[PDB]
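Before any comments, here is the structure.
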Amino acid sequence: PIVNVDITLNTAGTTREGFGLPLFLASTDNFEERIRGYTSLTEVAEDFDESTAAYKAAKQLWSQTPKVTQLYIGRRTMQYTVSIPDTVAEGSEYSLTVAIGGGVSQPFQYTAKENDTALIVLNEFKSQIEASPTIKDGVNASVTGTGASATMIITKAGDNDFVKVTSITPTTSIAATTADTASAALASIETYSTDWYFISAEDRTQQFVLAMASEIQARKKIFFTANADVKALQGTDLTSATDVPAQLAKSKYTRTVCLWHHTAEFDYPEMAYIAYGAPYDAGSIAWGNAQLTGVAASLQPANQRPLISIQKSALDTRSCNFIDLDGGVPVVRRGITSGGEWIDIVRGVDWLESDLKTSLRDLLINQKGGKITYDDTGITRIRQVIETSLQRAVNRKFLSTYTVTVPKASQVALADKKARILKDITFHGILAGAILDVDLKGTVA
Amino acid sequence: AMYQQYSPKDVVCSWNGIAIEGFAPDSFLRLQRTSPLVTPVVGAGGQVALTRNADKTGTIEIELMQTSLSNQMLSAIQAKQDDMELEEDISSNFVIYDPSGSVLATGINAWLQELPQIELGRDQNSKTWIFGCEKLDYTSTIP
């Protein structure tokens with residue numbers, strides 16, 4: 001049709017592209033892959049229900065003025081413990097339907113009866129599963145059982161990285177728990193893709209969070225977490241505190257951000273904090289005095305009233321983040337990571353690298369016609385590209401000055417020139433601060 | 001007693017990720033700020049009040065041999081930049097590598113300003129490219 005005009009009654013939303021994309025490690029096997037990207041809340045709703053933690057995190061992410069272009073959802077390897085608590089003839093005692101990777105289903109049928117206990121029927125199910133030639137290759141079974149208890153633990157064995165044994169009917173008392181540490185989950189996630197920057201996890205156990213932050217600190221990514229532990233508000237001396245927000249400060253994990261909000265576990269408020277600065281260019285933003293839409297102040301666990309100054313002081317001593325109530329406006333405060341480093345500084349440092357890498361890759365890839373000779377000319381071109389990247393940083397008002405030092409062609413050993421590599425280039429930068437608080441006096445006479 | 005040697009063959013100028021090679025026989029680089037540092041205002045009574053200028057812009061003029069290859073690598077760069085939108089950056093740091101310390105400045109956010117004037121003749125005439133700058137920083141070896 002000459003002019004195809006469509007008019008809808010939906011409000012317009014703005015989408016902005018910043019530095020980095022969020023990743024959310026969940027614990028649901030709704031999808032078979034490890035990482036799946038979503039571009040809106042509606043797409044998330046197609047694979048997740050309103051009661052799932054992933055949907056809650058996605059909803060929190062997309063409640064900001066910009067949109068954050070994309071969101072990645074990560075899947076943890078989850079085990080299952082099948083129980084029986086009944087042991088009554090055959091009835092049905094079945095429909096286990098161990099899915100396993102690839103796309104097989106090979107469901108299960110009524111095992112047995114005639115003086116058969118949960119132990120017998122579960123062992124029969126294990127034997128039947130091992131007998132089938134589409135699941136035994138990649139799925140391992142272990143009937144600990146230990147008598148009446150009858151615990152039937154199932155897990156992926158080999159290449160098949162997907163396992164799902166959801167069973168209808170009250171006959172089978174299935175369970176679903178994650179069976180990987182932070183290292184296994186992170187390695188599995190990174191084996192798929194590594195183009196994500198912000199990471200948050202559904203799991204809120206102290207051990208998993210501590211290990212996850214420990215492994216993130218060694219990498220070039222930022223781990224966002226939330227907490228609602230009352231013990232975080234009580235103590236002020238560090239050595240004394242031994243809760244999740246405390247050891248993070250003690251361990252000096254500059255690459256993790258902890259936001260104490262009363263709506264932890266149940267909800268995930270840190271996704272909104274991610275969306276506050278995700279769509280804006282790294283370094284040019286100030287993460288401190290942030291206003292989040294639809295997120296209330298950090299209410300007290302007991303009286304459900306904003307925290308008193310003592311609790312805020314305790315959280316500050318723990319290098320956490322809280323949603324302060326300045327005159328009735330809920331503002332995230334101190335915008336800092338566990339370890340004293342500002343969020344914007346860490347993000348800007350990561351962005352500089354990403355930008356230096358991109359600029360030098362652009363210089364060193366597009367040389368199709370010829371070569372960059374190892375004489376002074378090539379070193380000068382490389383130095384110019386480095387200085388251009390640093391000037392791009394400065395024009396953004398992240399840095400103020402910079403110096404670049406590169407080696408001469410005669411001071412590079414033959415061992416390097418052979419491997420056609422250039423080493424020991426150094427550069428320095430001076431940051432420019434931002435103002436977040438004001439000190440005032442007064443006379444009035 | 002003796003100052004640093006000045007070897008013009010070791011001077012390398014690089015802009016926009018390429019190296020500008022091949023220099024004119026006589027004069028091949030000229031850096032100049034467009035405005036003086038200060039301009040004193042002398043009152044009718046003889047008093048003097050300085051005015052510290054805020055404009056650090058400079059112009060970089062570089063001369064290459066008539067048949068140099070760079071002349072045809074900057075032309076291609078300029079042709080590509082013309083087709084660009086406004087929102088894309090057309091400027092980059094003008095870097096000069098001089099071990100003699102003869103040159104003092106590095107062009108900050110330098111951009112291409114004037115195309116060379118092509119002149120042919122029984123003899124060879126160099127081509128003069130003109131670059132701009134945002135702030136012609138005079139650096140010093142002395143810390």
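Order determines the names: the first chain of the structure tokens is A, the second B, and so forth; residues in each chain are numbered 1 upward, and ligands are numbered 1 upward as they are shown.
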
Query raised in the report: Could you list, as a PyMOL selection string, every residue of chain B that has an atom within 6 Å of an atom of chain A, counting only C-alpha atoms?
Result: chain B and resi 14+17+92-93+95

Query raised in the report: Near residue B:6, within 10 Å and counting only C-alpha atoms, which residues show up once chain neighbours fewer than 2 positions away are dropped, as a list in words?
Result: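 Counting only the stated atoms, we get residues 3, 4, 8, 9, 10, 11, 98, 99, 100, 101 and 102 of chain B.
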
Could those selected residues go to a file with N, CA, C and O atoms, as a short mmCIF file (atom, residue, chain, number, x, y, z; two decimals), in the first residue's frame?
data_model
loop_
_atom_site.label_atom_id
_atom_site.label_comp_id
_atom_site.auth_asym_id
_atom_site.auth_seq_id
_atom_site.Cartn_x
_atom_site.Cartn_y
_atom_site.Cartn_z
N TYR B 3 74.73 20.28 21.73
CA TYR B 3 73.30 20.02 21.84
C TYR B 3 72.94 18.76 21.06
O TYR B 3 73.77 18.13 20.41
N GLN B 4 71.67 18.37 21.14
CA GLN B 4 71.22 17.15 20.49
C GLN B 4 71.30 17.26 18.98
O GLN B 4 70.97 18.29 18.39
N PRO B 8 66.61 14.65 10.28
CA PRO B 8 65.25 14.69 9.74
C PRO B 8 64.74 13.35 9.24
O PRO B 8 63.54 13.23 9.00
N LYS B 9 65.61 12.36 9.07
CA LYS B 9 65.14 11.05 8.63
C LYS B 9 64.47 10.27 9.75
O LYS B 9 63.72 9.33 9.47
N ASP B 10 64.72 10.63 11.01
CA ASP B 10 64.13 9.95 12.15
C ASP B 10 62.81 10.56 12.59
O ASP B 10 62.17 10.03 13.50
N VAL B 11 62.38 11.66 11.97
CA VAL B 11 61.14 12.32 12.35
C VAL B 11 59.98 11.62 11.66
O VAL B 11 59.94 11.53 10.43
N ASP B 98 59.94 12.60 17.44
CA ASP B 98 61.21 13.26 17.18
C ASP B 98 62.15 13.00 18.35
O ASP B 98 61.92 13.54 19.45
N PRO B 99 63.20 12.20 18.17
CA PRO B 99 64.11 11.93 19.29
C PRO B 99 65.06 13.07 19.57
O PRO B 99 65.73 13.05 20.61
N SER B 100 65.14 14.07 18.69
CA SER B 100 66.02 15.20 18.90
C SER B 100 65.44 16.23 19.85
O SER B 100 66.18 17.11 20.32
N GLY B 101 64.15 16.17 20.14
CA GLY B 101 63.53 17.23 20.90
C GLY B 101 63.36 18.52 20.13
O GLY B 101 63.01 19.54 20.73
N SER B 102 63.62 18.51 18.82
CA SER B 102 63.47 19.73 18.03
C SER B 102 62.03 20.20 18.02
O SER B 102 61.75 21.39 18.18
#

Long-range neighbours of residue A:148 as a PDB file with C-alpha atoms, in the first residue's frame, 10 Å cut-off, only C-alpha atoms, 5 positions minimum in chain:
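around_1.pdb written:
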ATOM      1  CA  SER A  83      11.272 -39.007  46.188  1.00  0.00           C
ATOM      2  CA  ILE A  84       8.207 -41.265  46.693  1.00  0.00           C
ATOM      3  CA  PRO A  85       6.682 -40.866  50.268  1.00  0.00           C
ATOM      4  CA  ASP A  86       3.757 -43.303  49.722  1.00  0.00           C
ATOM      5  CA  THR A  87       4.850 -46.797  48.466  1.00  0.00           C
ATOM      6  CA  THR A 117       8.712 -50.063  48.765  1.00  0.00           C
ATOM      7  CA  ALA A 118       9.912 -46.686  47.550  1.00  0.00           C
ATOM      8  CA  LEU A 119      13.407 -48.205  47.464  1.00  0.00           C
TER       9      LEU A 119
END

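Proximity of A:322, A:398, A:125, A:19 to residue A:280, computed with only C-alpha atoms, is greatest for A:19.
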
Query raised in the report: So which bits of stretch 233-365 of chain A end up alpha helix (DSSP H) when you DSSP the backbone, as JSON, numbers by chain?
Result: {"A": [233, 234, 244, 245, 246, 247, 248, 249, 250, 251, 270, 271, 272, 273, 274, 275, 276, 277, 309, 310, 311, 312, 313, 314, 315, 316, 317, 343, 344, 345, 346, 347, 348, 349, 350, 351, 352, 353, 354, 355, 356, 357, 358, 359, 360, 361, 362, 363, 364, 365]}

Name all residues at most 6 Å from residue B:61 (count only C-alpha atoms; drop same-chain ones fewer than 6 positions away) and give them as a JSON list (two decimals) with C-alpha atoms, in the first residue's frame.
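File produced: result_9.json:
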[["chain", "number", "residue", "atom", "x", "y", "z"],
["B", 29, "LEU", "CA", 56.50, 20.77, 9.00],
["B", 30, "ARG", "CA", 55.21, 24.00, 10.52],
["B", 129, "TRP", "CA", 48.63, 19.63, 3.53],
["B", 130, "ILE", "CA", 47.19, 21.77, 6.32]]
